[PDB]
Every structure is written in structure tokens, then in C-alpha cells.
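# Structure assessment
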Amino acid sequence: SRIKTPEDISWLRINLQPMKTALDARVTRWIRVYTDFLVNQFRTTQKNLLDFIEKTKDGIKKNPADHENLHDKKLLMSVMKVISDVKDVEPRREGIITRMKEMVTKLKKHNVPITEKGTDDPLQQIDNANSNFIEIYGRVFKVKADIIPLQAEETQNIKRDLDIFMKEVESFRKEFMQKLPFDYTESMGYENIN
């Protein structure tokens, strides 16, 4: 823009406006390529973690009823889920939220502020998702406190399984060694091998 108006040489008249416009457009393409992806990444990871705390609460709501199958994990629409491991995955999302908030602060320098001024959104979509996240983390914690206690018994079950199966493995390995070097019926060459 600061590039001078069409300057004419002494010999003939001259203009630069098409080049000026095309360079403006080129750097505008640069700006667009930079902006779109950053808005997308920050907003998507925020909506992701919001929904993640949602489904966390919903999962913590299922098991509190004491049953033998609920002593184990849960199975729903091809997804497998323990209570304790989810009590653990909750702080992981809580931790990603902070880096995401810094990223949204950076995004609050191009496009979240274009929203704040242009469309007059009093609350941006990311910050709305963030407030909802706070509420749902609270509710998650409330249901989380009740079913903190979990599968000591099932860990013991795993151990017992490993034991029994190793013992039968050992007996079968002894039989493996017995029948391993052709100590069986040997009538002919193909027979003893087969």
C-alpha cells in the first residue's frame, strides 16, 4: 500500500496498480492459509475436550449400581471403559485444557477478535465451550468421588488366571518334549516324521 502511485518515466507514462493489487492478494492468500488452520485446530480441540468431559460424566453415571458385571468395566457400542482409568483420563483432558487456553489466547488475536468486533458475539464459541467444560468437570468430579473404589478383585482374578494357565502350559511342554524328537511309532521314513 505504501508503494507510490503510478509513476511515469520521462520517456512515457507508467502505472503499477495491477502489480500492487496482485501482491496485496498474494499476502492475503498467505494470511488466509495461516488463519483457517489455526482457528480450526484450537476450536476443534476445545469442543473435543468439552465432549470428552461430557461422556466422562455419562460413563461415571452408569457403574455406581453395585453389580458383578459393573464390578468389571463397561461395554457400549464397541467402546470399552473402566471406572478408575476414566478417573485418570479426566485430569489428562483437564491438563490439555490449559495449553488449549493459551492457544485460544493466541487465536484471540486474529479471528476470535474479528468475532468480538464484527459479529458482536458477547461470548465466543470456544469460551462458551470452556465454561461448559468447567461445569461438566464439576459434575464429573461429583459422580467420580462415589466410585473411586474399584477392581482389586479383578486384578486378583487376572493373577489367578495367569497361574492356572501357566501350570497347564508346563504339563503340555513336558509332553511337547516327549513327542518332539520322533520317539513315537517309526514304521517308515514318512511315518515317523508324520
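Each chain carries its own residue count, beginning from 1 and running in the order its sequence is written; this scheme need not agree with the entry numbering, and residues with no coordinates do not appear. Bear in mind the chains here are only a fraction of a larger assembly, and the values reflect that fraction. Each side-chain value is worked out from all heavy atoms of the structure, with water and hydrogens disregarded. Residues with missing side-chain atoms are left out of burial classes, side-chain pairs and their counts.

Per the deposited record, the coordinates in this entry were obtained by cryo-EM to a resolution of 8 Å.

On to the pattern of salt bridges, then. Salt bridge, as used here: a side-chain nitrogen of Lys or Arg that lies within 4 Å of a carboxyl oxygen of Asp or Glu. Counting across every chain of the model gives 3 salt bridges. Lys 57 is the salt-bridge partner of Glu 54, the closest N and O atoms lying 3.6 Å from each other. Taken together, the residues span about one helical turn, with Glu 54 and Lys 57 both in helix α1 (residues 17-60) at a distance of 3 residues. For the salt bridge of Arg 93 with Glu 90, the shortest nitrogen-to-oxygen distance reads 3.5 Å. Of the two residues, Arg 93 and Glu 90 are both situated in helix α3 (residues 84-107); the distance of 3 residues between them amounts to about one turn of the helix. Side by side, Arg 93 and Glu 90 carry an identical accessibility label, which is buried. Comment: elements are numbered from the N terminus, with helices defined as DSSP H or I runs of at least four residues and strands as E runs of at least two. Relative accessibility decides the category of a residue: with a 1.4 Å probe and only protein chains considered, values under 20% of the type maximum give buried, values over 50% give exposed, and everything between is partly exposed.

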